[PDB]
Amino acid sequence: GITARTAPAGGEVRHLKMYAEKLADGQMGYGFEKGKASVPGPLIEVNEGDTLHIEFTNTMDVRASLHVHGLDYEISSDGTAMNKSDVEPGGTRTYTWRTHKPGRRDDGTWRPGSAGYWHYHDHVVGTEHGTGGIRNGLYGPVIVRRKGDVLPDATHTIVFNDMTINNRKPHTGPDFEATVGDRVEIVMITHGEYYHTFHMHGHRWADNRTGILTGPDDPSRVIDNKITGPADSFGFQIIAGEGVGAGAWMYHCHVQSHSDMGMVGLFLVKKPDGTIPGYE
């Protein structure tokens, strides 16, 4: 990018609060604020090098925790019962996540950076693998940017959790809206028991770290369909309606009974006047 906005260098030390709470309908969610928990939990986005101190508070009546993929954490912040890293009811604990930039090691080899599309979830509700917590909605996305990564206009999180999208009832979305030409980022995560295949009409991306081709030398497959299983995460960016125009573009699990049973949503791409060809 040379006109798109790109990520700066980290790393700052950042602090934030998270809460786990039971929702009125029986679900459980994370939130940055007591009373404003969501499923998925809020996006946490940092730059390679950042350190994040999370003051986590379990407001529920059962033990709960916070476990992250991909990022550096000491065993103190594992989020597991086994290393006494979870949180008693009403309790409070400070988790620490660090991230690093890539570079040469002394042995001459190349250390990978932390950058990528990751996620966090509970590891102790219902079972010692968080099966109950995850089923109830205790998951959320984490993005770590490499210096110079292209930044989007908007980021959406899509989570295939067992037979639901974002724990929603069958055939109730979510739907997302964009205007032709928007740079839209998708963070796609899978949880539970089943494998799925994520499919998007009218759009495609690269099957690599960023979902974007670096330039003509990148041999990564360009795809519009990807098989995923529990705790897989990936992400990409697309230009809404690029080459295809406005429309009510479906995304869905392409497993046939899954889409049939409601794992379907809409990517609503609008003309500037806000209209969508052949929609309602």
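For every residue, the number given is its place in the sequence shown, counted from 1.
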Would 101 to 109 or 137 to 145 have the larger average of its C-alpha temperature factors, as given in the entry?
101 to 109
Would the CA B-factor of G132 place it in the lowest, middle or highest third of its chain?
lowest
Select lowest, middle or highest to describe the third in which the CA B-factor of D232 falls within its chain in this entry.
lowest
Report the third (lowest, middle or highest) to which the CA temperature factor of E193 belongs, ranking only the modelled residues of the same chain.
lowest
Among modelled residues of the same chain, the CA temperature factor third for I223:
lowest
Using only modelled residues of the chain, where does the Cα B factor of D153 rank: lowest third, middle third or highest third?
highest
